[PDB]
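This report concerns only the one structure given below.
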Amino acid sequence: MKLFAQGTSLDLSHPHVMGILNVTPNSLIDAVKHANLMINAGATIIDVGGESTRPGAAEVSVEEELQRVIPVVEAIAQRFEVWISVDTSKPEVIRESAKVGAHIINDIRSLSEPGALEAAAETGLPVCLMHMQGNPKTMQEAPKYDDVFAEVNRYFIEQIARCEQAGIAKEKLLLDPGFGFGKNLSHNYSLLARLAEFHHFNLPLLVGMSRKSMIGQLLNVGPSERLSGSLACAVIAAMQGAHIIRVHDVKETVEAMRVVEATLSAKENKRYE
Amino acid sequence: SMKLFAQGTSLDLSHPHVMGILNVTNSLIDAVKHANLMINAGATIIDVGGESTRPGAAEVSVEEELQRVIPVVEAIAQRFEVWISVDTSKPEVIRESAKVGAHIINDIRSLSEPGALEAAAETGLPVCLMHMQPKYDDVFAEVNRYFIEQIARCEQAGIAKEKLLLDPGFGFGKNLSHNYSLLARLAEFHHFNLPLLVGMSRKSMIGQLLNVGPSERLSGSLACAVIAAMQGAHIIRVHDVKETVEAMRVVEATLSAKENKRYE
Ligand SMILES: Nc1nc2[nH]c(SCC(=O)O)nc2c(=O)[nH]1
Ligand SMILES: Nc1nc2[nH]c(SCC(=O)O)nc2c(=O)[nH]1
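As given, the protein sequences belong to chains A and B, one line each in that order.
The first sequence lines up with residues 1 to 25, 35 to 282 when you count with the authors' numbering.
The second sequence lines up with residues 0 to 24, 35 to 142, 152 to 282 when you count with the authors' numbering.
Right, dumping it as C-alpha cells:
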C-alpha cells in the first residue's frame, strides 16, 4: 500500500510516524526549527495545524488561518523532503496549502464544511477521513453510542461514498477512528481493541492518541506525564497494522515502531488481531 | 482465571504483572530502599539478584551467596506484601530462601546444579523454566521442545504443572532474529496452559536494533513489554518499573475491551 502526492510517494509497508506541528499561539523560524528536530528524530510526515480543536475557542478567521499555516507549509516544502499533512477544514486553506506543496489533507471534520469537499477534490491530494461525534465545541458533553465500533464503521462507509461521489477515488483516502472526538474512555478502548477490523476497507489507517485523555484518565496523570501510555497506544495500534501514528514525541515513537516492525517482519502473517 | 500460590498468598494472573529487578550490592538498607521505590512504582513482584546474578557475574561460595541473598529476601518478606522471586542455582539458597518467604525460584541455569531440582521440589514453590543455550533450525520449535522436556523433568521430580512458569529466555543464546521470531510467536506458547514470563528490558535485542547504549533503551523496552503483554504474557521483568506499569494499564484496558482478551 502506497499514497501519491506532489510527485512523490509514501510507502506504507511499515508504520510511519507523523509529528505534530501546532502553529496556534518568531513564529515561522520556530516552526521550521521544530520541523527540523522532528525530521531528525525520524518523522516522515509533519502535521501542520493552525486552528485549535479545543472546546470553547472562537473559530479562527480564514485570513488568520492562512497566515499561520501557509508560510509554514511553504517553508517546510522548500527545505525538506518530508511529507506534510495540513490540519484544516477550510476550502481556501486546502487550496492554498496544496499550491505550496502539502501532501495530505487532514480534516478532523472530514470535509463537512461548505466547499471543502470540492476543494479537496480539486487538489487531487490524499484525504484523511476522521470520525467525530458532533462538533468540537460540544462533542465531549455527553458522548453516547449503542455500538461505537459499528457506528464508526458505518460513518467510514458513508464518508467514503461521499468522497467517491465528489470524484475523490478510494486510493486517495485514509481512515482515522478519531480517538477522543466525541468519545469517553471506554469508547476509545473499544475502538483501539478492534482497530484491525477497520482493515476491511483496504485503506490506510491513521491514529492519534498521543497525550490524550484516554491515557490521562486511565492513569490519572497530567498532560506532561503520558509518554509511556502514548507509546503503549502507538504500539498497540501499529501491531494491528495501523499505517500512520500521529504523535508529539517523535524519537521515542520511531524507536517503538522499529521494534514493532522487527516483530511484524518475523511474523508469518504481518499483523496482530 | 490463572493464579499462582506461594507462602500463603496468591498472585492473580488475569492481568499483566510487572516484576522489578533488584540488585544486591548497608547493602541491606539500600536493597530495601530500592524495593520500596519499585513497589511504589507498582511492581507486584521483586526479582532479587540484578547485576550480581547476570550471566558472566562472578561466582560465589554457598556461604557468601546465602549471606547476600537471604537477609534481602527476609527483609522484604517482613516489610512488604509483594511477591519475591529469587535468582539462584544453588540448592541451599533455594531451601533457605523458601524458609524466609520467597515466592518464585528463578534459576537461569534451569536447576542443573547437583541437588537444585530436588531442593526446588522440596520447597513446593513456583519455578520459572527459562530457555537458554546461536544457531537454530526453528528457534520456536526448539524452545517449545525444551519446555515439553523441562515440564516432564519437573513433574518426574514431584513439581506439579500448577507450579510452573515458562520463559523463552530472550537474549540467552539467541541472535537478533531469533529473539524477534520468539516475540512474534509468543502467544503460541499458551498451548501449555501455563503462565508466561518474559524479560527483554534493555537487552541487546533492543540495543542492536536501535543502535543505542544500555541507558537509552526505555522506549524499545516498553514496546517489547507491550507486544508481549498484548499476546497475554503474564509477567514482565523490567528495570523501568513505573513506565512499564503504566504501559501495562493501557494493555489491560485494551484487552478488557476485546472480546478475546488476547492478540495473536
Ligand atoms: N487525523 C487526526 N488529526 C487529529 N488532530 C488532533 S488534535 C487533538 C490532540 O492532538 O490532542 N487529533 C487528531 C487525531 O486523532 N487524528
Ligand atoms: N526469568 C528470567 N530471568 C532473567 N534474568 C536475566 S539477567 C539478563 C538481563 O537482565 O539482561 N534475564 C532474565 C530473563 O529473560 N528471564
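Idealized CB from N, CA, C, for every residue including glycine.
Short CB-CB distance (under 8 Å) between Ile103(A) and chain B: False, the Cβ-Cβ gap to chain B never drops below 8 Å.
Using the three-state DSSP reduction, which class does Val109(A) fall into: helix, strand or coil? In this structure, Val109(A) counts as coil in the three-state DSSP scheme.
Give the residues of chain A in contact with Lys276(B), contact being defined as C-beta atoms less than 8 Å apart. Per Cβ cutoff of 8 Å: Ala202 and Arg203.
Would you kindly work out how many angstroms separate the C-alpha atoms of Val268(B) and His257(A), rounded to a whole number? Pairing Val268(B) with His257(A), the inter-Cα distance amounts to about 18 Å.
Does at least one heavy atom of ligand 2 sit under 7 Å from the Cβ of residue 148(B)? Regarding the residue in question, residue 148(B) is not represented: chain B runs 142 and then 152, omitting everything in between.
Considering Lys2(B), what are the terminal residues of the beta strand (DSSP E) in which it resides? From DSSP, the beta strand (DSSP E) with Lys2(B) extends over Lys2 to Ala5.
Rounded to the nearest angstrom, how far is the Cβ of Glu264(B) from that of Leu228(A), given a contact under 8 Å? Contact flag correct, Cβ pair sits at about 6 Å.
Looking at the C-beta of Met1(A), does it have a partner C-beta in chain B at a distance below 8 Å? Judged by the 8 Å Cβ criterion, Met1(A) is not in contact with chain B.
Helix, strand or coil for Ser119(A), going by three-state DSSP, please let me know. Look at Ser119(A) here: in three-state DSSP terms it is coil, with no helix or strand label.
Is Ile117(B) near ligand 2, judged by its Cβ being under 7 Å from some heavy atom? Checking the Cβ of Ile117(B) against ligand 2 gives yes.
Strictly under 8 Å for the Cβ-Cβ distance: is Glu264(B) near chain A by that measure? At least one chain A Cβ lies under 8 Å of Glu264(B).
Any beta-carbon of chain A closer than 8 Å to the one on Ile224(B)? At a cut-off of 8 Å between beta carbons, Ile224(B) contacts chain A.
Using a cut-off of 8 Å between C-beta atoms, extract the partners of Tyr198(A) located in chain B. Near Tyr198(A) (Cβ distances below 8 Å), the residues of chain B are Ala271, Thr272, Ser274 and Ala275.
Assuming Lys153(A) and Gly65(A) form a contact by the criterion Cβ under 8 Å, report the distance between their Cβ atoms to the nearest whole angstrom. Incorrect: roughly 21 Å between the Cβ atoms, too far for contact.
Mind listing the chain A neighbours of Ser195(B)? Cutoff is C-beta to C-beta under 8 Å, in chain order. At a beta-carbon threshold of 8 Å, the residues of chain A lying near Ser195(B) are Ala275, ordered along the chain.
Leaving aside the five residues before and after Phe158(B) along the sequence, list all residues of the same chain whose C-beta is less than 8 Å from its C-beta, in chain order. In the same chain as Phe158(B), and ignoring 5 residues on each side of it, the C-beta atoms closer than 8 Å to its own belong to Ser199, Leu200, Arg203 and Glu206, in chain order.
I'd like the span of the beta strand (DSSP E) that includes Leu204(A), first residue to last. Taken as a continuous stretch (DSSP letters only), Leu204(A) belongs to no beta strand (DSSP E), as it is neither H nor E.
8 Å is my cut-off, CB to CB: does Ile245(A) come that close to chain B? Output row for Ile245(A): interface = yes.
Spatial neighbours of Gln168(B) within its chain, please: C-beta separation below 7 Å, excluding the five flanking residues on both sides. Hits under 7 Å: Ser119 and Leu138.
Extent of the continuous beta strand (DSSP E) run through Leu184(A): Here the beta strand (DSSP E) through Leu184(A) covers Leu182 to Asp185.
Length at least 4, wholly inside the stretch 189-257 of chain A: the alpha helix (DSSP H) runs in chain order: Counting only runs of 4 or more residues that sit fully inside the stretch 189-257 of chain A, the alpha helix (DSSP H) segments are 194-202, 222-228 and 236-248, in chain order.
Our contact map puts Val216(B) next to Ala178(B) with C-beta atoms below 8 Å; I'd like the distance itself, whole angstroms only. Contact flag wrong, Cβ pair sits at about 23 Å.
If you follow the alpha helix (DSSP H) that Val81(A) is in, where does it begin and where does it stop? For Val81(A), the uninterrupted alpha helix (DSSP H) segment begins and ends at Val71 to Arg88.
Buried versus exposed call for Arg255(A) [16 or more other C-beta atoms within 10 Å across all chains shown]: Burial of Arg255(A) is indicated by the presence of at least 16 other C-beta atoms within 10 angstroms of its C-beta.
Quick test of your reading: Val82(A) and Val41(A), contact by CB under 8 Å. State the CB separation rounded to the nearest angstrom. That belief does not hold up - the Cβ atoms of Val82(A) and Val41(A) are roughly 11 Å apart, past 8 Å.
Cβ neighbour criterion (16 or more within 10 Å) applied to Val71(B): A residue is called buried once 16 or more other Cβ atoms fall within 10 Å of its Cβ, and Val71(B), having fewer, is exposed.
Kindly examine ligand 2 and report whether one of its heavy atoms sits closer than 7 Å to the Cβ of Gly65(B). Judged by the Cβ position, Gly65(B) fails to qualify as a neighbour of ligand 2 at the 7 Å threshold, every heavy atom of the ligand being at least this far.
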